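Data block below; observations after.
Every residue, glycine among them, receives a Cβ derived from its backbone with ideal geometry; neighbour counts consider all protein chains shown. Only the coordinates and a few stated rules stand behind these numbers; no lab work does.
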Amino acid sequence: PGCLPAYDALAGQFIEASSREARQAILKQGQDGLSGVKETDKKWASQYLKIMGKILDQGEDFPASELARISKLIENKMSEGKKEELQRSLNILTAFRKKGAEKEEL
């Protein structure tokens, strides 16, 4: 178990990043990290990385307006017995309702 606050960190750092290239390094962080993301879990990780690509297509609001929701996820602390499988989907749904949004359980 272990939801990925790294999505919120990714998103946050991506803002802080001065150059579009430093922002590309935050995109690379996500992609490099995939090597250590747990078996079965590389799918949650693939989602965040596609939005991180779409920042360069659009702008740095995309994750942050979703991160405003991530607070609410943290605000309602979870039980790692079974809220995990929900909350893990929620991490993506919260910072990124792009693809994982086939779940209207937020």
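Anyone know which of 46, 71, 35 comes out most mobile in the 10 Å Cα GNM of the chain?
Taking springs between Cα atoms under 10 Å, the residue moving most is 35.
Kindly put 90, 56, 27 in sequence by how many other C-beta atoms sit within 10 Å of each C-beta, fewest to most. Intermediate values should be presented prior to the final figure.
On the way: 90 23, 56 13, 27 18.
Fewest to most other Cβ atoms nearby, the residues stand as 56, 27, 90.
Quick check on the exposure proxy: order 8, 61 from fewest to most C-beta atoms within 10 angstrom. Write down the numbers at each step before the final one.
Details: 8 22, 61 10.
Lowest count first: 61, 8.
Just to confirm the filter: which GluC sites (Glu not before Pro) across the range 1-42 are DSSP coil and have at most 11 other Cβ within 10 angstrom of their Cβ?
Working: sites: 16, 21, 39; in loops: 39.
Counting only loop positions with at most 11 other Cβ atoms within 10 Å, the GluC sites (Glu not before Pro) in the range 1-42 are 39.
So what is the relative contact order of the chain, in percent, for Cα pairs below 8 Å that sit 6 or more residues apart? Please report the intermediate quantities before stating the final value.
Values: 86 pairs, mean separation 36.4, N = 106.
34 percent.
Three principal axis extents, largest first, for the C-alpha atoms of the range 14-67, in Å?
Reported extents, whole Å, longest axis first: 32, 21, 17.
What are the semi-axes of the equivalent ellipsoid of the chain, taken as the square roots of 5 times the eigenvalues of the Cα gyration tensor, listed largest first and rounded to whole Å? Kindly include the intermediate steps, with their values, before the conclusion.
Values: eigenvalues 100, 47, 29 Å².
Result for the chain: semi-axes of 22, 15, 12 Å.
Taking trypsin sites (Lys or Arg not before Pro) as exposed when DSSP calls them loop (any state but H, G, I, E, B) and at most 13 other Cβ atoms lie within 10 Å, what is the longest stretch of the chain free of them, the sites themselves excluded?
Working: sites that count: 38, 77, 82, 99, 103.
That would be 39-76.
With 19 Å as the limit, write out which pairs from 54/77; 42/98; 42/72; 83/103; 28/103 have Cα-Cα distances beyond it, or answer none. Numbers along the way, then the final one.
Working: 54/77 30 Å; 42/98 17 Å; 42/72 24 Å; 83/103 15 Å; 28/103 28 Å.
Over 19 Å apart, Cα to Cα: 54/77; 42/72; 28/103.
Rounding to the nearest 10 and keeping the result within 0 to 90°, find how far the Cα-based axis of helix 20-33 lies from the longest principal axis of the chain.
Result, in degrees: 40.
So what's the angle, to the nearest 10 degrees on a 0 to 90 scale, between helix 83-95 and the longest Cα principal axis of the chain?
30
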